[PDB]
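Given next are the chains, with one letter for each unit.
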Amino acid sequence: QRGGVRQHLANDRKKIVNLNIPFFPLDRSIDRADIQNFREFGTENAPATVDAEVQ
Amino acid sequence: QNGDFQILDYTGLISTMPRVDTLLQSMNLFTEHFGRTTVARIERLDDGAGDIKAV
């Protein structure tokens, strides 16, 4: 109605969040026995090299 | 050993070591081969003998 009561507004809204993160490891090792007497499996007579296994 | 008053002088040293044989090495009976694998191969070719006859 005119000249009487009035109307009012509401307010806004907020939110906040937090989070964590996981971890992912990966390891390996090389021993003498893996290249001691094993042929490279490539050329006919090339001995096994550590570099190839590393790659 | 009777104190530092008696300044001591030079002393000699001797040593003893176990006996070492040189007979076989002196005779030059052995040959040396350097390989790669832990196993060594031996190849013995055997010939054949015979006598020729007149024809």
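Residues numbered from 1 in each chain as written, not as in the entry; some residues may be left out. Chains lettered and ligands numbered in written order. Part of a larger assembly, values for the part shown. Heavy atoms only, no water.

What follows covers the overall build of chain B. Of the regular secondary structure elements, chain B holds 1 helix and 0 strands. Scaling as 2.2 N^0.38, a compact globule of 55 residues should have a C-alpha radius of gyration of about 10 Å, whereas chain B reaches 31 Å, well beyond that. By its C-alpha atoms, chain B is 105 × 35 × 15 Å across when sized along the principal axes. Counting all 55 residues of chain B, 0% fall into the buried class. Accessible area of chain B: about 7,300 Å², with a carbon and sulfur share of 55%. Side-chain charges in chain B split into 5 positive and 8 negative, and the spacing between the mean points of these groups amounts to 15 Å. (Helix = DSSP H or I, 4+ residues; strand = E, 2+ residues; numbered from the N terminus. Rg over C-alpha atoms; globule rule 2.2 N^0.38 Å. Buried < 20%, exposed > 50% of the residue type's maximum accessible area, 1.4 Å probe, protein only. Areas by Shrake-Rupley, 256 points an atom, 1.4 Å probe, with all protein chains shown as cover. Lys, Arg positive; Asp, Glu negative; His and termini not counted. Charge placed at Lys NZ, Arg CZ, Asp CG, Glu CD.)

Looking only at helices and strands, chain A features 1 helix and 0 strands. The C-alpha atoms of chain A give a radius of gyration of 36 Å, which is well past the 10 Å a tight globule of 55 residues would have. Considered along the principal axes of its C-alpha atoms, chain A spans approximately 105 × 20 × 10 Å. Looking at chain A residue by residue over its 55 residues, the buried ones come to 2%. Total accessible area computed for chain A in this model is approximately 6,800 Å², and 52% of it derives from carbon and sulfur atoms.

Here the focus is a nonpolar patch on the surface. Residues and elements named next belong to chain B. A contiguous nonpolar surface patch, about 570 Å² in accessible area, is contributed by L23, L24, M27, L29 and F30. When you line up the elements, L24 lands in helix α1 (residues 23-27). Judged by relative accessible area, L24 falls into the partly exposed class, the value being 43%. (Patch = residues over 30% accessible without salt bridge, like charges linked within 9 Å, V, L, I, M, F, W, Y side chains within 5 Å. Salt bridge = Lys/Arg side-chain N within 4 Å of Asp/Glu carboxyl O.)

Here we come to the pattern of salt bridges. Residue and element names in this part refer to chain A. Summed over the entire model, instances satisfying the criterion amount to 1 salt bridge over all chains. With its nearest N and O atoms 3.4 Å apart, the salt bridge here joins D31 to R32. On the accessibility criterion, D31 (36% relative accessible area) is partly exposed.

Now for unusual backbone geometry. Phi angles above zero are rare outside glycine, and A:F41 is one such case at about 75 degrees. Note on placement: A:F41 falls in the segment before α1 (50-54). A relative accessible area of 74% places A:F41 in the exposed class. Despite not being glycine, B:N28 shows a phi value in the positive range, around 60 degrees. Its place among the elements puts B:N28 in the segment after α1.

Turning our attention to the environment of B:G50. With respect to the helices and strands, the residue B:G50 is situated in the segment after α1. The spacing of B:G50 and B:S26 is 24 residues in sequence and 38 Å in space, taken between C-alpha atoms.

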